[PDB]
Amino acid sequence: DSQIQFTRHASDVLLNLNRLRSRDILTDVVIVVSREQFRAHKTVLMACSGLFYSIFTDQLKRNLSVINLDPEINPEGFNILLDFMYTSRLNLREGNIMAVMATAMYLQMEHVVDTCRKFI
């Protein structure tokens, strides 16, 4: 018997999921962060965030199509994390690292928080 391990398969799947997101194909939720809105696939959000995982495994919240995050959450920080979920790349700047880290803590993304700590 034989097993072939396609080493860029997962990356290729994730790129295609990001392309679906950019085209708004099969997205099933909007995340509202104060004045800004971001469409996504619940499966990707649950895969990456303990907060979204907990929301969408609640039987009474699984069908929510609109999520309003806490008013204190920074939209730019959320956008950076959403892009990370769909690309594997976390793009930080001196002016936004604190907001990214705070948003990652709120989203229960502990490994991203740990990375952010390294950049002050």
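For every residue, the number given is its place in the sequence shown, counted from 1.
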Of 11-19 vs 99-107, the stretch with the larger average CA B-factor in the entry is 99-107
Between 90-98 and 46-54, which has the larger average Cα B-factor in the PDB entry?
90-98
Sort 66, 26, 60, 81 by C-alpha B-factor from the entry and give me just the highest.
60
By the entry's values, the third containing the CA B factor of residue 33 is the middle
